[PDB]
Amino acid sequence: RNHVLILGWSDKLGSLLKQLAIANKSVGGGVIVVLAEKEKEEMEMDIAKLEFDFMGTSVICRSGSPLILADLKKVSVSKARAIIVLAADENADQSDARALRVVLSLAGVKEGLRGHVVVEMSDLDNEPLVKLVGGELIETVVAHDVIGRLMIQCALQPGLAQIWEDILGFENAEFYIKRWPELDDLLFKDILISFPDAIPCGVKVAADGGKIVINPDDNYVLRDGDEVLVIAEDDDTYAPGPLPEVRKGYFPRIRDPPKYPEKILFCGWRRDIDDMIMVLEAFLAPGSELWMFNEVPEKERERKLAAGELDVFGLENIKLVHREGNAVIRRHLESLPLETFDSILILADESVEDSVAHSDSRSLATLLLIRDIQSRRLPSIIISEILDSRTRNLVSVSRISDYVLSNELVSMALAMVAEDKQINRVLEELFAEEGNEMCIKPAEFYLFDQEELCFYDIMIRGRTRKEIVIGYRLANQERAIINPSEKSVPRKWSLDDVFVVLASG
């Protein structure tokens, strides 16, 4: 039936169905089948209590266990085009132990599998086991670990929050990989601009086995079998064409400036924080401070950090500064130099996490308090982890530089991978210190003040500093425009503009 089969019920499910509906708009809708241990009505009642426009896409609910193979046939596991195993919202170890066992039964389906498996993981220390049972059928999406890497990136560059929501959603633009033989033997310098309604980001190199190469070589020749990667609005609004006029791009060197180290506040002891310190110390300049305000004693923090793979003496960029106290008590919060923090991350604590209903609630208190303090004390980026998206919307006050992350973005992630498994290996690098990553860079490097240039100029000028310009945010527009549509119309640019690029250090 070539459908999408979801195995499990949670709160990410509602937003997961939303994102599947948006991608299926360009097909006239599809069918989604949910297989959970809830009663049919209970699942169907919640389905109808969703006011987003389904838009051609049907949702079918069934009661059963994704451990019994006999139930996997009522919903046609062997005929599903994509099989998602939803994690749960309680014990991270219990949830991952379930996901492993669903993965077992799927690999044992003697009828074979038409599609692939997308598994939502909880503890990252438990993912390398599942990439060992199912193997190739499987793409792992460690939600808890992903939520972390997003917070760090957005905490280092604001506005990236709003941008990481456009892209990572099927609203606006997203990622696609198609094969264009018309550009066989064409130089990437040329393929970069061959698209009026896209922005080529990478290539799927056939000689390597299909490896996806973000930001490749401009002399690299498209061989027989390659597939391009672009940021386009849907899987049918992008196609190549002819190389346009070289709106002239010869901007000079313009070397990048030094690296001021930053001071970061981690609020609360999230589970597996060592994973975030590792990501953080890669990004930050030498000389930085990472302050950790939580309730755990400073003496036993080093035991939990040691037992999580982290080498604190192996740390060299950041110096851990440990402080103790309750993060929902203002008396404790105001003692901190809440002025001298380049950015503050409110983490969901691991003690409260094993019943989410309480877990966000302290982050909520922690959030509103840090806000009122930053105003009350008067004569910083604030990024908060509130897992429930329902609670996020009431509190969002997104502004910019006060972004609160929700599990809607894990749904936004699972949907991306459940539509093209190779995109997971794209998001993997972009969340990774290694290689490329999404930056916001000023217009100083790219042009002079009041320069009259099309987008192809700027998109080609980005090639001399080895970057992929994927959009912009003009001087006084709330939102950044990713993949603009009028690319060959020149316009008067200014030094207060900024460009969304695909750079790498």
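Numbers follow the displayed sequence, beginning with 1.
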Practice problem: Can you count, per the entry, how many deposited residues between residue 379 and residue 380 come without coordinates? Answer none, 1 to 3, 4 to 9, or 10 or more. | Solution: 10 or more
Quiz item: Of the two stretches 492-500 and 12-20, which shows the higher Cα B-factor on average in the entry?
Solution: 492-500
Quiz item: Comparing 250-258 with 111-119, which stretch shows the greater average C-alpha B-factor in the deposited entry?
Solution: 250-258
Quiz prompt | Out of 402, 353, 145, 281, residue topping the C-alpha B-factor column of the entry | solution = 353
Quiz item: Which of these, 244, 268, 200, 128, has its C-alpha atom at the highest B-factor, as the entry lists it?
Solution: 244
Self-check item: Lowest, middle or highest third - CA B-factor, residue 149
Solution: lowest
Exercise. State the tercile, meaning the lowest, middle or highest third, of residue 193 with respect to the CA B-factors recorded for its chain.
Key: highest
Quiz prompt | Third assignment of residue 389 from its chain's C-alpha B-factors | solution = middle
Quiz item: Lowest, middle or highest third: where is residue 158 by C-alpha B factor in its chain?
Solution: middle
Quiz prompt | Position of residue 467 among the chain's modelled residues by C-alpha B-factor, lowest, middle or highest third | solution = middle
